[PDB]
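Worksheet for the structure shown next.
Read-outs: derived from the displayed coordinates by stated rules, not from any lab. Cβ placement follows ideal geometry from the backbone for every residue including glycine, while neighbour counts extend to all protein chains displayed.
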Amino acid sequence: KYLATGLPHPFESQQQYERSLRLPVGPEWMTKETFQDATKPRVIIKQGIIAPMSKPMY
Amino acid sequence: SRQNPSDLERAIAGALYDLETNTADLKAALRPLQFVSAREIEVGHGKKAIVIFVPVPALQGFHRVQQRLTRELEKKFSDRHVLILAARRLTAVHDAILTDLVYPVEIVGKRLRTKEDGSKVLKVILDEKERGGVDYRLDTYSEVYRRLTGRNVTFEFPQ
Amino acid sequence: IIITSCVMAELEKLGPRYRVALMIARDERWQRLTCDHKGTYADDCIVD
Amino acid sequence: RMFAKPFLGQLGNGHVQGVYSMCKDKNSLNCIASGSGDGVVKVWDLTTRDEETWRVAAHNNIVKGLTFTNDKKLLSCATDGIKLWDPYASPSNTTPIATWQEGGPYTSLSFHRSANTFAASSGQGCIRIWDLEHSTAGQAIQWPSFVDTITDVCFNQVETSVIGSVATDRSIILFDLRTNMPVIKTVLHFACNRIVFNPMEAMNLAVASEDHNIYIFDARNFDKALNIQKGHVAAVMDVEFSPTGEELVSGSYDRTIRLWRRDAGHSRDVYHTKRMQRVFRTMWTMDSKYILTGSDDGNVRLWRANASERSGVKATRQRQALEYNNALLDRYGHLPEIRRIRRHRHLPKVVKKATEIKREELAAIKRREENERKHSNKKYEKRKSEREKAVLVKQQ
Amino acid sequence: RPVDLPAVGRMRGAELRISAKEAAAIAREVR
Amino acid sequence: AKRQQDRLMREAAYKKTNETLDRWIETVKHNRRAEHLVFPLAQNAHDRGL
Amino acid sequence: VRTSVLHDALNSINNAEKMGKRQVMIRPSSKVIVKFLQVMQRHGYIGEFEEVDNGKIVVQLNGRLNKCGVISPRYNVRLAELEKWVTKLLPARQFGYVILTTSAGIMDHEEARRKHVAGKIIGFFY
RNA sequence: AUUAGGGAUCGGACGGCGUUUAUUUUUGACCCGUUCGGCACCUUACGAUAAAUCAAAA
Ligand SMILES: [Zn+2]
């Protein structure tokens, strides 16, 4: 049960995946800066109003 | 018959006389027919469409022979949409006008759409076997039905 | 007349088949006194 | 799954009967209006909720449409027509200061992002559009030969002069306002219930359809659907995009509300309440932290997104902990143990047995199709993918 | 007992039977 | 014919719309491929250039 | 066999209002059923309906109506009798409607009060 | 007015990627899909109500 039976959907190779995780993420095994960088969410939402975008950025 | 001629009544009569002579080699319902009736009112904007009223045995006479006849009459006559209709004087008569107006296709359904209020509309949906040569004529069929009867019906092929 | 929020809730806990009575309850022209507890339990709300 | 306590509150008394339309203040942060089945509208503040701020018996029949203008005024649609009221005045005026009736029965309202223009989906198969303070009858734009009642209509905020819409022909339609004409008409297998656009990706948009399913498209190409979000039992009554545009509310006809990521293909959350009776209008607030569910139990319930993640400013280790657990999930979400106790969510009996029957029947249908394909000449063909298969036809 | 049923008579599905005595009993209450 | 006429007219309209969406495709591509998204957007902060 | 096709239709609408559907296919049609549906659409308790032919009717229903019923003996009624009948037939005077065939056609009790025409109670809903 | 369909059941009628009759066409046997019609199971009741009775005492 602690095995993972099915490959995860973005993945294409078992070796890709088993070597993809490879790294503990907590503060015990890396520096605090890498911790911040490794647990940062993809999207950050502050307080306020998300008014939809007026001018195309890039 | 029942009229004294008009400027395009004589035109459609002389048309069917030059279909009597100097052409085919196909002659079934043309000679036992005289001036019967014709009518011309605007359809769309900028365009016209002729309708010709015909008696009730000549209805199925033209149902025997109407292929390519409407085609040639359209081409050499004013380059406009030709419609063939009976002359009659209530709802069964209106369905008769419908099934006479649509000659190559049998209708499938009449659809009475009520709305969120007492407004209502009709949609008659036609056969699936012939679709290509009608969609440029569907609006003309609809407006001539609206002018001859007065009821608002829209014509469509179901999907 | 006064209806407690517990009573209102209990009515809504009764299913859609009680919708007429629910609407009768929710006719506006009457006061609505709230409750501040966990219970939503009509009888105790009333007795207290 | 311990701290999942996502319900929050019940906005005041609610309406009298069921609540059928509601809309936000897309400029400020706390102003909500909803119109009832009994022709009355109420306007609510989020900070003070236990009582209404403003109330007016608007129409006779159900309040089909409702929206806020840019400045301070608001507009409601029904079978009586459409009217314009003002909720924030030192006197509480009851009389609406504008009205319109011609153009047939209007269905739905939508208001422009920047300008003072707004569009209305009528029942006449036609959308008529006004520019406020200098228009009276508005421009009636429609498909050339179209009759069927257009249900929904929506101003696309990011790319202006663009409005998509949808009718009961199980077709949706796209329009332009610079050149005031329809643009594209595409017909689906099933009837759509509502259309919204992706407020952070302009070319992307969203239909909720009685095929119990949600479809995301790119407007530039309707050849195949971009996303099939399928989780439901009954018809979906309404969808709305999160203002961050990566999340999606889906209220459906069964008493459920399902919260979605943008790329998912399944639920992240399902909400159900034995009180709640039918869902009709679900809108995020301007915060993408809270969603609002407008019932036919006559409630406007306030739910949280981020099913456990309580609001509040956080101490440093508290948020480091919660972000730590989040990305910890995004590694280990697929192990069987933790997967089952993250997917385990209790459903009421109705939707439970119904989805059992649904999965069974769809298995039967797939088996039918597979046996027919294998024992038919379709075997020498490609398995047509479903995002392709969802569209019936596209035309212009 | 179901709350939605009217009390003038009995109901089978969507059909409401009203005997002649009950409509005459309404004919007494109107006068 | 009115049908093909409005067809080509709405086709040109469709082309122009797709041009106007091609003006956003680059931003959409960036944000969907990027590492971190900020909200609310810097451009739509009410106090921008002060 | 039930000769009241309008009762069969009302039973269809009642079962669909119980199970929560979004349309029905009422196989036998009649003009009086059309008129009942028009009064229903005036009071908004049904979404939208189309008469189709071979005919039947597709009746998209919203889920606001609760219960349909037909008065089988088709009872004659006058004005004060209309008020007392409607107060003993609906659970509340501000909920639901009854249907009358009057000399001015088929309408609800509020319309029959506006025209001050009496008639014959046939059916009702809420 | 249906429950709500599935798994099987056979009586037609229709089709077909195909095996065997078939020395090759019929046609017949196996398999698949559609369709009506019905002997019956279970599920959920759509409810019930007089309960021991139910896809009918809904
Ligand atoms: Zn209490």
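For F:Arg3, indicate whether it is surrounded by 11 or more Cβ atoms within 10 Å (Cβ to Cβ), more than 13 Å from chain A (Cβ to nearest Cβ), in contact with a strand residue (DSSP E or B) (Cβ under 8 Å, 6 or more places away or on another chain) and over 30 Å from A:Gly48 (Cβ atoms). Criteria not met by F:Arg3. Scanning segment B:31-56 for residues that are part of a loop (DSSP other than H, G, I, E, B), in contact with a helix residue (DSSP H, G or I) (Cβ under 8 Å, 6 or more places away or on another chain) and farther than 18 Å from B:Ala13 by Cα yields B:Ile41, B:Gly44. When the residues of segment C:28-48 are filtered to those that are within 14 Å of another protein chain (Cβ to nearest Cβ), within 10 Å of the ligand (Cβ to nearest atom) and out of contact with any strand residue (DSSP E or B) (no Cβ under 9 Å at 6 or more places or on another chain), the one that is nearest to D:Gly298 (Cα to Cα) is C:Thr40.
Within segment B:57-97, being touching a helix residue (DSSP H, G or I) at 6+ places or on another chain (Cβ under 9 Å) and not in a helix (DSSP H, G or I) holds for B:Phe77, B:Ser78, B:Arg80, B:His81, B:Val82, B:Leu83, B:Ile84, B:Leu85, B:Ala86, B:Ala87, B:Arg88. Here is the figure for segment G:80-97: residues that are more than 10 Å from every other protein chain (Cβ to nearest Cβ), surrounded by 13 or more Cβ atoms within 10 Å (Cβ to Cβ) and not aromatic (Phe, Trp, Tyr) total 1.
Take the conditions (1) outside any helix (DSSP H, G or I); (2) within 14 Å of chain A (Cβ to nearest Cβ); F:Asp22 misses just one of them, which is (1). So in segment E:6-31, with the set limited to residues that are closer than 15 Å to G:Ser72 by Cβ and among the aliphatic types (A, V, I, L, M), which one is nearest to the chain's Cα centre (by Cα)? Within segment E:6-31, the match that is nearest to the chain's Cα centre (by Cα) is E:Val8.
The set of residues in segment C:1-27 that are surrounded by 15 or more Cβ atoms within 10 Å (Cβ to Cβ), at the interface with chain D (Cβ under 9 Å from one of its Cβ atoms) and either away from the ligand (no atom under 16 Å from the Cβ) or over 9 Å from the mean Cα position of the chain (by Cα) (or both) comprises C:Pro16, C:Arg19, C:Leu22, C:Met23, C:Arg26.
If you check A:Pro52, A:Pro27 for being more than 7 Å from every other protein chain (Cβ to nearest Cβ) and surrounded by 13 or more Cβ atoms within 10 Å (Cβ to Cβ), only one passes: A:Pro27.
Every test in (1) within 13 Å of chain G (Cβ to nearest Cβ); (2) under 24 Å from G:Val59 (Cα atoms); (3) surrounded by fewer than 17 Cβ atoms within 10 Å (Cβ to Cβ); (4) not small (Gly, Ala, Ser) is passed by B:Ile125 save one, and that test is (3). The set of residues in segment D:60-96 that are part of a loop (DSSP other than H, G, I, E, B) and touching a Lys or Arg at 6+ places or on another chain (Cβ under 8 Å) comprises D:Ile62, D:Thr79, D:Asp86, D:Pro87, D:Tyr88, D:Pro96. Return a yes/no flag: does segment D:117-133 have any residue that is assigned to a strand (DSSP E or B), hydrophobic (A, V, I, L, M, F, W, C), within 14 Å of chain B (Cβ to nearest Cβ) and crowded, with 21+ Cβ neighbours inside 10 Å. Checked against the condition, which is being assigned to a strand (DSSP E or B), hydrophobic (A, V, I, L, M, F, W, C), within 14 Å of chain B (Cβ to nearest Cβ) and crowded, with 21+ Cβ neighbours inside 10 Å, segment D:117-133 yields at least one hit. Close contacts from segment B:101-118, counting a first residue that is within 21 Å of D:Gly125 (Cβ to Cβ) and a second that is among the hydroxyl-bearing types (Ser, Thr, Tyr) and part of a loop (DSSP other than H, G, I, E, B), with Cβ to Cβ under 7 Å and a gap of 6+ residues or different chains, come to B:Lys115/D:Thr149; B:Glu116/D:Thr79; B:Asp117/D:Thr79.
Looking at D:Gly104, is it in contact with a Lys or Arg (Cβ under 8 Å, 6 or more places away or on another chain), of a type in the set (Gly, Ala, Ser) and within 27 Å of F:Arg3 (Cα to Cα)? Considered against the rule, which asks whether it is in contact with a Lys or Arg (Cβ under 8 Å, 6 or more places away or on another chain), of a type in the set (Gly, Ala, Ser) and within 27 Å of F:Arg3 (Cα to Cα), D:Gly104 comes out as yes. Tallying residues that are closer than 25 Å to F:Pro40 by Cβ and not β-branched (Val, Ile, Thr) within segment D:1-48 yields 18. Kindly establish whether D:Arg368 is loosely packed, with under 12 Cβ neighbours inside 10 Å, away from chain A (no Cβ under 14 Å) and more than 16 Å from the ligand (Cβ to nearest atom). Yes: the conditions hold for D:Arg368. Of everything listed in (1) over 21 Å from B:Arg147 (Cα atoms); (2) loosely packed, with under 14 Cβ neighbours inside 10 Å, the single unmet condition for B:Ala15 is (2).
When segment E:8-31 is filtered for residues that are closer than 30 Å to G:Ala16 by Cα, more than 7 Å from chain G (Cβ to nearest Cβ) and part of a loop (DSSP other than H, G, I, E, B), the ones remaining, listed by number, are E:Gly9, E:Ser19.
Within segment D:381-389, can one find any residue that is closer than 30 Å to A:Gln36 by Cα and either surrounded by 13 or more Cβ atoms within 10 Å (Cβ to Cβ) or not acidic (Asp, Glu) (or both)? Checking segment D:381-389: not a single residue is closer than 30 Å to A:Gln36 by Cα and either surrounded by 13 or more Cβ atoms within 10 Å (Cβ to Cβ) or not acidic (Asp, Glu) (or both).
Based on what the data block shows, is B:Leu90 surrounded by 15 or more Cβ atoms within 10 Å (Cβ to Cβ) and of a type in the set (A, V, I, L, M)? Taking the combined requirement at face value, the residue does not satisfy it. All of D:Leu74, D:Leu109, D:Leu66, D:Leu84 fail the test of being more than 14 Å from every other protein chain (Cβ to nearest Cβ), surrounded by 22 or more Cβ atoms within 10 Å (Cβ to Cβ) and farther than 30 Å from D:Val270 by Cβ, apart from D:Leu74.
If the condition is being touching a strand residue (DSSP E or B) at 6+ places or on another chain (Cβ under 8 Å), within 11 Å of another protein chain (Cβ to nearest Cβ) and either within 12 Å of D:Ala206 (Cα to Cα) or part of a loop (DSSP other than H, G, I, E, B) (or both), then segment D:228-246 contributes D:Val233, D:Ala234, D:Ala235, D:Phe241, D:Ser242, D:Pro243, D:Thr244, D:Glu246.
Only one of the listed residues (D:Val162, D:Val153, D:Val196) is over 15 Å from D:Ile216 (Cα atoms) and within 14 Å of chain A (Cβ to nearest Cβ). That residue is D:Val162. For segment G:19-61, a residue qualifies if it is away from chain B (no Cβ under 13 Å), within 10 Å of RNA strand H (Cβ to nearest atom) and either touching a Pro at 6+ places or on another chain (Cβ under 9 Å) or in a loop (DSSP other than H, G, I, E, B) (or both), and the qualifying residues are G:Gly20, G:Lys21, G:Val24, G:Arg27, G:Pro28. Only a single item in (1) more than 25 Å from D:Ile257 (Cα to Cα); (2) surrounded by 12 or more Cβ atoms within 10 Å (Cβ to Cβ); (3) of a type in the set (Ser, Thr, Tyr) is not met by D:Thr316, and it is number (2). Of the residues making up segment G:103-126, those that are in a strand (DSSP E or B) and either within 19 Å of G:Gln41 (Cα to Cα) or within 12 Å of another protein chain (Cβ to nearest Cβ) (or both) are G:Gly105, G:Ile106, G:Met107, G:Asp108, G:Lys120, G:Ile121, G:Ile122, G:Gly123, G:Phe124, G:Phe125.
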